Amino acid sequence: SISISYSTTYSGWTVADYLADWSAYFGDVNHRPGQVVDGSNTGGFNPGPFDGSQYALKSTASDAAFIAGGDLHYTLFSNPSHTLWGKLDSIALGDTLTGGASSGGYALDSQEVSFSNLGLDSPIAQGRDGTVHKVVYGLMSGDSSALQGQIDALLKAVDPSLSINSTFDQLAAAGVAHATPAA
């Protein structure tokens, strides 16, 4: 089932409130045709060049970054064009992306929250309507609605009393979340 790690800083936050705040702070890197002219808003795959166990993106407005983990693929120009698909197992949110394909992969200097065992799997044929694509592209473009909706559904599958309106401390009482010391 879904597993969550959170800095005790967010003990009393609801998951919905954390993710809305986090996406407002990360902003929109404007990964849009005509606005992607170099590597500052593309993100990166591990290993790449167009597939990876990780896809990571640094914010262009702040130090925020996220890391999507799983078995992910980007169609580039191939039909259906500009689709991120495959397996999305994890999302990590925090500050300061670090690493590369030869240095141990991607990580966050200050991870705040992570969502693991997401068990999302979108086939290429769903295109940009796939759940994985919408979840990750939402984060790229400053809109965590799709991620929130996916975390909501997984938490209710553990117990219908849980939801993205639960606090991290409540989810840890439920056994799904685990507090990490702040830093």
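Residue numbers here begin at 1 and follow the sequence given. Rigid core here is just the name for the largest C-alpha set that superposes within 1.5 Å across the two forms.
Looking at 132 to 140 and 38 to 46, the one farther from the shown form in 5 other deposited structures of this protein by average CA distance, after a rigid core fit, turns out to be 38 to 46.
When the mean C-alpha temperature factors of 4 to 12 and 173 to 181 are read from the deposited coordinates, 173 to 181 comes out higher. For the two regions 32 to 40 and 62 to 70, the entry's Cα B-factors average higher over 32 to 40. By the numbers in the PDB entry, the CA B factor is greatest at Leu108 among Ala101, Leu108, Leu84, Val113.
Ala125: CA B factor in the middle third of modelled residues in this chain (values from the PDB entry). In the PDB entry, a CA B factor belonging to the lowest third of its chain's modelled residues is recorded for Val136. Among all modelled residues in this chain, the alpha-carbon of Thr75 has a temperature factor (C-alpha) in the lowest third. In this PDB entry, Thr167 carries a Cα temperature factor that places it within the lowest third of its chain's modelled residues. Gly119: CA B factor lies in the highest third for its chain, per the PDB record.
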